[PDB]
Structures are given as C-alpha cells and as structure tokens.
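Encoded as structure tokens, the following chain is the form deposited in one PDB entry, with no partner shown.
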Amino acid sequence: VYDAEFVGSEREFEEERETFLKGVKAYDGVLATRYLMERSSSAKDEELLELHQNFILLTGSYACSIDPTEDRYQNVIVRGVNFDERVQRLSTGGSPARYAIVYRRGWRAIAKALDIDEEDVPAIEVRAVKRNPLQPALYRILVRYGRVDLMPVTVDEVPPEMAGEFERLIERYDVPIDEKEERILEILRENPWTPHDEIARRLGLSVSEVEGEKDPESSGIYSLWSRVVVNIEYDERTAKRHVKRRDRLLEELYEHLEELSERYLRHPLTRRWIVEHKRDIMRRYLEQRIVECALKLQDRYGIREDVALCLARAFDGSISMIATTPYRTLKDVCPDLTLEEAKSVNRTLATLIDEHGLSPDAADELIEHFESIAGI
C-alpha cells in the first residue's frame, strides 16, 4: 500500500539518504519538543514553543530538498494510489516523491525506496497546523514544489506575509481566486491556522473540497497557493544559503533543547535519549492526538464518547481521514456508530444522501471511488 523505487545513481542515492536522514532528525525534534510540553506542566514556556517551531521549519526545509531533480524515484504508491500517474497528469507536474511526503505517512514510501535502517521508525511529517510558524497550507505547498529557497530556516526569519499577513503574498501576484476559495479565505482571515476540517465544517463542505489539488488548475486552498507559488521566481542564492546553514542550525536546536529540558526533567533530553526513547515519545505523542481527535468528534461533531474514541484510535487521530471514509468502513471498525453520526463527520456522505437522495450503500460506493481522487 506504500511503495516507491529509487532509480537514480549511486551519488544521488547518497544525496537522497543524507537529506532524508536529516529530515528524520529534524522531525525527531518536532516530536521531542511536543513530548516535553506534554510531560511537564511547567514546560507547557515560550522558548520551548520557539524551539518546536524551529524544528518545524527545518523539517520542512529538508523535505523541500527531497528529489531535487524530480526524477530519482518511480512507482510511488501511497495508500494504494499511483502517485506517478497523479503527478504527471498535473499541469505543473513535479516530483511524485515530494508530493507523497506531504501526505500523512507518505514518508513510508520514501523510507522504503531508500532502504532507511539507520533509525527506528524514520518518520518525516510536514503537516503541522496549530503551531506552524507558516500558514499551514502554504507550508505544505512549499514542500510539494521543492521551494528550498522560500522555506525559512529560522523563526526570526519568517516573513509576516508567509504567516499572519499571508494575504499580502496572495495579493502581490494577482492570481485568479474563485468563489469557493474566497469563502475559505474569509475563514483564514479570522484565523490563518484554522484546521482544514474546521473550515470544511463551517462552510458545509467536505475537507476534500476545501483543499483541492496541489496545482494551479484545481480549486481550493492548495490550488490557490499553488497558483501563487509557481509565480514566485526561484532564488538559487537563498536556497544555497538555507542549505549551508540548516545542518548547523539543527545541531544548535538540539543543544538548546538539552539545556532547556534541564529546567524541567531529571534526565536531560539529549539527542541520544531522544533516539533511544523514540518509541515512548511516539506513543505519548499519538495518545495525545487520539484524545484531541476524540474531543473534537464529541464537541464539534456531536458523536458519543465511546464511538469517538473508537474512531480516533482506528484512524490515527485524523479527522480528515475519518471524514472521507465510507460508512460501511467506519461501521466495520466501530459497530455502534449511527448513520446520523457518520453523516455528521463525513459531509460527502451527508450530501449524497440528503441532496442526491442516495442510499447509504450507493453513497459508500461513490465515497470509495472519491478516495482515489484529489479534491472530492
């Protein structure tokens, strides 16, 4: 269900593995800083938040550097979908490998291609929302387009127009914006860090409709950002500089984490400790995501607690994942789920039944088809 083949040269192979492993080390920092927040009430600390954000930036920067020539991998498959085909058909093409990395757990396909065994569970995720120093959809689009030049490598260097004032970046290139995208921007103006599930719920749309595809010719927030970003000239000089500085920046972040953690823990959070206890860190990080997911399902979607916990556990604490799953499939993992509950969390199911008058079975058949298609 996750697959990719590396097809470049020996030299490129070493380049890709080095990039990937640095990305892993950066993401480990994202995890470890979150871990400290959750383990220690007193840490739950402004310079710790800043460390976390810096690790988010570096993880994104390394991710932008995957498959620089956009030809180093083939047969990229993510949750059973052929991403080679998907990306080739996009007006702007690009790297199927980097495209995969932006999907939750997409790293699995790339880790396999590169035969990464240097570190246990060598994850790279680039889907931070609430604590992302950049507007989150923009951040994901920079990664997709390999914009090592545009991705900041330090929190102090993040331009307001890539965050709170993101509208200025949109306005500068005078791209077309459709009605749906305008509705989405209205919500982002209130809070640029609004989760995509919440934008969808508030607009009465599916998450898929909110996002669209990561190409200018689609429609949705990914589409609008893509339309903007492809107009921004590549800055090789700044790219080179980010690449030169980031390895050192990453080491410094670890040293700072170590020193900061001493104010809260008996045993300092060293890089060594983090690697050795990576499983425990991932366990805690996941259980929190589950709790948060279940609470959202109860408080925003009117789903009973036990049902909510069941779905949260079965689906990686991802609302977006639950929201796109066929009723019969949700019902198979959580038997107590009601149709009304499923219609609440899956807007596509609700629409197909309510507006098109389809049976749940017919709706499920289509929902399953939509799973393979970006933007519906």
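Residues carry their position along the shown sequence, with the first being 1. Rigid core here is just the name for the largest C-alpha set that superposes within 1.5 Å across the two forms.
S.K.: Using what the record says, work out whether there is a hole in the model between residue 44 and residue 45 and how many deposited residues it spans (none, 1 to 3, 4 to 9, 10 or more).
M.R.: Going from residue 44 to residue 45, the model skips 1 to 3 residues of the deposited sequence.
S.K.: Out of 157-165 and 134-142, which stretch has the higher average CA B-factor listed in the record?
M.R.: Going by the record's values, the stretch with the higher mean is 157-165.
S.K.: Using only the Cα atoms and their B-factors as the entry lists them, report which of 297-305 and 280-288 averages higher.
M.R.: Between 297-305 and 280-288, it is 280-288.
S.K.: Kindly indicate the residue among 208, 219, 261, 194 with the greatest C-alpha B-factor in the PDB record.
M.R.: Checking the PDB record, the top C-alpha B-factor among 208, 219, 261, 194 is at 261.
S.K.: Between 95, 226, 82, 92, which carries the biggest CA temperature factor in the record?
M.R.: The record points to 82.
S.K.: Should residue 201 be placed in the lowest, middle or highest third of its chain by the C-alpha B factor in the entry?
M.R.: Answer is middle: the recorded C-alpha B-factor places it there.
S.K.: Mind checking which third residue 118 falls in for C-alpha B-factor across the chain?
M.R.: Highest third of the chain for residue 118's C-alpha B-factor.
S.K.: Where does the C-alpha B-factor of residue 68 rank in its chain, lowest, middle or highest third?
M.R.: Ranked within chain, residue 68 CA B lands in the middle tercile.
S.K.: Compared with the other modelled residues in the chain, in which third is the CA B-factor of residue 310?
M.R.: Its C-alpha B-factor belongs to the highest third of this chain's values.
S.K.: With respect to C-alpha B-factor, does residue 244 fall in the lowest, middle or highest third of the chain as deposited?
M.R.: It belongs to the highest third of the chain when residues are ordered by C-alpha B-factor.
The form deposited in another entry is left out here; the points below concern that form.
S.K.: With a threshold of 2 Å on the C-alpha, tell me if residue 34 counts as moved between the shown form and the other one once the core is superposed.
M.R.: False for residue 34: its C-alpha shift is below 2 Å.
S.K.: Residue 358: after superposing the rigid core, is there a C-alpha shift of 2 Å or more between the shown form and the other one?
M.R.: True for residue 358: a C-alpha shift of 2 Å or more.
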